[PDB]
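A quick write-up on the structure given underneath.
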Amino acid sequence: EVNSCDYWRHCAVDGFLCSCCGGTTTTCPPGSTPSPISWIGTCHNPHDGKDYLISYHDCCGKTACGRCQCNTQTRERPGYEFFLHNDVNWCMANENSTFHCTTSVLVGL
Amino acid sequence: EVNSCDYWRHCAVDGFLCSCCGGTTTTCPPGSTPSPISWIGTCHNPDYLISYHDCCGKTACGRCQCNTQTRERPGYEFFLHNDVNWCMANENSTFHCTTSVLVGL
Amino acid sequence: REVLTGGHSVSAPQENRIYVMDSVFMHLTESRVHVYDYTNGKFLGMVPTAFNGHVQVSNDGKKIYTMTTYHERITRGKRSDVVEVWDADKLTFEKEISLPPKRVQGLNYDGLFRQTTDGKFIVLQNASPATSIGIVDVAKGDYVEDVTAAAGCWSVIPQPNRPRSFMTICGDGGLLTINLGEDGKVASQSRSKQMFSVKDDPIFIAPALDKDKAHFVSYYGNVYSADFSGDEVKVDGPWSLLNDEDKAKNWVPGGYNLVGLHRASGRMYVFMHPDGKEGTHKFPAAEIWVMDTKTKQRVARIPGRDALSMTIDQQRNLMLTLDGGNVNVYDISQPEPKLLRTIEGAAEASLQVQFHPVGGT
Amino acid sequence: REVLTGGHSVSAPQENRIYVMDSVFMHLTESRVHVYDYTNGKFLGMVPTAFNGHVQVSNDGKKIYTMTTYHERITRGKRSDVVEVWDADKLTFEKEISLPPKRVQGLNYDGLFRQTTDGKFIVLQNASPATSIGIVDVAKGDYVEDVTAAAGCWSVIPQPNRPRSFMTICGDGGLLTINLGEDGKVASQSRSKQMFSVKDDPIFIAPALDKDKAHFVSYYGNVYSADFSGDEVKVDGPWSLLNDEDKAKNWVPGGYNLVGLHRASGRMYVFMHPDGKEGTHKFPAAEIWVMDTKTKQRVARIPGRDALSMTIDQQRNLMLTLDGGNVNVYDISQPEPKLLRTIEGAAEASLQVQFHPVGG
Ligand SMILES: N=CCc1c[nH]c2ccccc12
Ligand SMILES: N=CCc1c[nH]c2ccccc12
């Protein structure tokens, strides 16, 4: 279920799901580097009915994973609300900005 | 007809036909550089020596990919071999497309 | 018998050319611009643009400008963000202009990489992730300096009625106007009143740009305007794209470069889809709606062909749309657009197409 | 609160891993190696390899070696041909080894990028277009020898029964053997008699490699052998893969890395297709034939699944085949191979798959 674009935590993923790329929803694939910055989504948990903040850190410094591409846009906003925006590379400030995949890190309610 | 892999002079092309890439059978697309070296094929005109120079220094054209192998031989017959990049000695070896140049009978 | 030659020019004249910016997202380090003849679908050539390239054509039609990022070993090593100047007719590299290593990496919205009306400056979006606007002096081949006043803003909307002025959309829901001096530094600036509620009616960044005003559409199908005929920008809106029937079926805009303006007629073109709700703002077009911006009424609606981005040519009265891979060519000389042809397989992953400029002085 | 971390190792044991070299020919500047678990099809990670990368795993299983070309601005600027050493478990870059700017740019035949049996030297094919073989000392991280004796030859076939010896196929239809010293410089060499007629019965370069001999198949379905049990290589052949019925339907070999040998049994695996004629030598397999190299007779034939390349794991008795995009996993512990699974979408454009070494 986590490898599906419709998994609830992936509601603002624009990218490849890291869990399909040799990582997990909270770990980068081997040899790719987490971004220290991210866009944030607010996603509805279908189990408890509560909304959670999800931080979409990218994994960086390897070329595109290519698997499980998603483009979900729940509560996503344009670049004038920058940290809600997912049409930019959240690897942009990494030592190497090449985009590998996107994680879906649960922050809290 | 020239944009088809079955066109008679393309009989040992492994690559993208330059005629589909903004060039022609004998001219590189704008901003790509002919290779000074090539593999050579022998093709029947429904027999001619055809020189398969590549065009180089731009990324893959992606159009009209062909992989025809008439009389093609492995790398111990190196100038008959088409599984190598004939851009390999260019100033920039990035492979763009392949031409099919008639040399003679 | 024959001899292979290079050094050749693009085979079709400039006025036939369009530029499809192929992100090649699946292999984003090999993005490129594909050059096509829109009159017949012929592939004319290409310009390689490395990682997540952006592209525009010089206002005078002579050069192609790209923006890209290199690293010494691609996935490691020192970063070089650059603008490149390419000859439009030979599709050859001429000059690299060094940028600070913070040029925007993102999808190809027009407003991330623009130029002043006079063509003297390239104006680009930076994100480090702090935002600023970068200014490149074309004549000098130099980066000037960051427009730091644009922090918390996004994207560049040139003012076609002034030589070296542009606007950006700010997080307060207003517009910041920047006026450059002849050296490319900020000579003056101003901030409009709030145009739109960021929380309640966010707008798409893509302008429907007129010579002295710009229109924007919102997530909920409202229209906002910024009039810059005077030195201070005057803002207004909303008015709705939607009638009762439209509202009942929850029609809203969606796409990327999703609007356009035909300046002579005041017709605005917008990609629309039904069953709008939170999260559908980038959905492909079910339809293109054509709005008269004077009467604020829809004058046509046609199938969208799943388009996501568009561009308008004022000089030939054309609209191109683009679904990611295929380019549709429309005659928009009358209120109802007429589909002329589709160019299939123009790109693998493109959200931006542009005409080679004709005229436009 | 969850926290994203890096620094992780590949999640499956080395013995489960295979390496699919994706040329990504449509975007050949972004070639890469995809790492998969053959037991379940799971994607484990990848190594980027820039323009037309080649790959191998160190014989000791600890490192991945890549070979590639960079330019300062990709399509312009100074060229750098390199070998890179990567950690096999962390899939991280460790070291770059500079090569002269003539490493072979070409499709991923195994024999273009190999290593000595002892693992101490990488042995790679150059083409400028003049050919030579380059030697990289792994420990020193240096290019240490350039075997010009190999001009006019092509590809590297290591001898598994010697620590630092390999062969190459020469334009005379014979083999050149190179024995490297412990410094990676040529210590001695020898040339075989003619094995095959270059003009009349050209062989595919891919060896079916045993511990002390190698077999090669020809464009017309003959088999040649090179015995290197001694210092001097002894050559023989042809025998035919084909019986009279096979000949009637014009069966011939085709593919890229198109053969393999199961050393314990002497079974040779070959991709074959009917209706052979000039120009069909790279056609996808209609069948895989299983040949007994001792009796010189076919023992089995199975559907080829349009495969083009293969590789064998001796100790687990496995064969992988590859059709360009998909990897088929076969059990070859008995004469008839058994298909265990297919890994779909393992690559966009791959002609080479390899197992992680387990034999030390
Ligand atoms: N999580 C965002 C991936 C992404 C979205 N757009 C991009 C452009 C360039 C590089 C990466 C991206
Ligand atoms: N005419 C040969 C194209 C080609 C065939 N194999 C290649 C490998 C790398 C670069 C180019 C090629």
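Here the Cβ positions follow ideal geometry from the backbone for every residue, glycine too, while neighbour counts run over all protein chains shown. None of the figures in this text is laboratory data; all of them are computed from the coordinates on show.
Name the GluC sites (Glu not before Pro) in region C:11-111 that are in a loop by DSSP and that have at most 16 other C-beta atoms within 10 Å, would you?
C:72
Over 31 Å between Cα atoms: which of C:120/C:234; D:42/D:63; C:102/D:120; A:50/C:199; C:42/D:199 fall into that group?
C:102/D:120; C:42/D:199
If you filter region B:68-105 for GluC sites (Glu not before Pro), then keep DSSP loop positions with at most 15 other Cβ within 10 Å, what is left?
Loop-located and lightly packed - B:91.
Counting just the Cα atoms, what span does chain B cover along each of its three principal axes? Round to the nearest Å and put the largest first.
Rounded to whole Å, the extents work out to 33, 33, 21 Å.
Step through the residues of region B:56-68 one at a time and calculate ³J(HN,Hα) from phi using the Karplus curve (6.51 cos²θ - 1.76 cosθ + 1.60, θ = phi - 60°), rounding each to whole Hz and writing x for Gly and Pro.
9, x, 9, 5, 3, 4, x, 10, 6, 6, 10, 8, 9
Below 16 Å, Cα to Cα, which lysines can residue C:296 reach? Residues fewer than 8 away in the same chain don't count.
List returned: C:213, C:247.
Once each part is reduced to its C-alpha centroid, what is the distance from region C:1-74 to region C:200-264 in angstrom?
With region C:1-74 and region C:200-264 each reduced to a Cα centre, they are spaced 31 Å.
Would you calculate the volume per residue, in Å³, of the smallest convex hull containing every Cα atom of region D:1-133?
Dividing the Cα hull volume of region D:1-133 by its residues yields 145 Å³.
Compute the distance in nm between two label points, each set 7 Å from the Cα along the Cα-to-Cβ direction, one at residue C:336 and one at residue D:40.
Those two pseudo-labels are separated by 5.9 nm.
Where does the charge balance sit around residue D:258 when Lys and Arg score +1, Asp and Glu -1, over other residues with C-beta under 14 Å from its C-beta?
Residues close to residue D:258 contribute a combined charge of -3.
Enter the mean number of other protein chain beta carbons within 10 Å of the beta carbon of each residue in A:95-105, as an integer.
Average neighbour count from other chains, rounded to a whole number: 5.
Among the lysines, which fall within straight-line cross-link reach of residue A:62, defined as a Cα-Cα distance under 17 Å, with same-chain neighbours fewer than 8 residues apart omitted?
C:78, D:90, D:95
Which one, A:80, B:21, D:283, projects farthest toward the positive side of the charge dipole computed for the protein assembly as shown from Cβ point charges (K/R +1, D/E -1)?
Result: A:80.
If you place +1 on the Cβ of every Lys and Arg and -1 on the Cβ of every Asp and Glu, how big does the dipole about the Cα centre of chain C come out, in debye to the nearest 20?
For this selection, approximately 80 debye.
Per residue of A:21-28, how many C-beta atoms from partner chains lie within 10 Å of its own C-beta, taken as a mean?
6
What list do you get for A:32, D:165 if you sort them by fewest beta carbons within 10 Å?
With the fewest neighbours first, A:32, D:165 line up as D:165, A:32.
Pop out the ³J(HN,Hα) list for region D:131-147 in order, Karplus 6.51 cos²θ - 1.76 cosθ + 1.60 with θ = phi - 60°, rounded to Hz; leave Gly and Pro as x.
9, 7, 10, x, 10, 10, 7, 5, 4, 6, x, 9, 7, 10, 7, 9, 8
Principal axis extents for region C:244-361, Cα atoms only, whole Å, descending order, please.
Cα spread of region C:244-361 along its principal axes, largest to smallest: 42, 37, 23 Å.
Hey, can you grab everything whose amide H is under 5 Å from the amide H of residue C:45? Only 5+ residues off in sequence or another chain; H modelled, so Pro and N-termini drop out.
The list, which skips near neighbours in sequence, is C:35.
Run through region C:1-70 and list the trypsin sites (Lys or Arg not before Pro) located in a DSSP loop whose Cβ has at most 12 other Cβ atoms within 10 Å.
Sparse-neighbourhood loop trypsin sites (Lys or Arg not before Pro): C:1.
Take every residue in peptide C:163-171, count the Cβ atoms of other chains within 10 Å of its Cβ, and give the average of those counts.
The shielding value for this peptide is 1.
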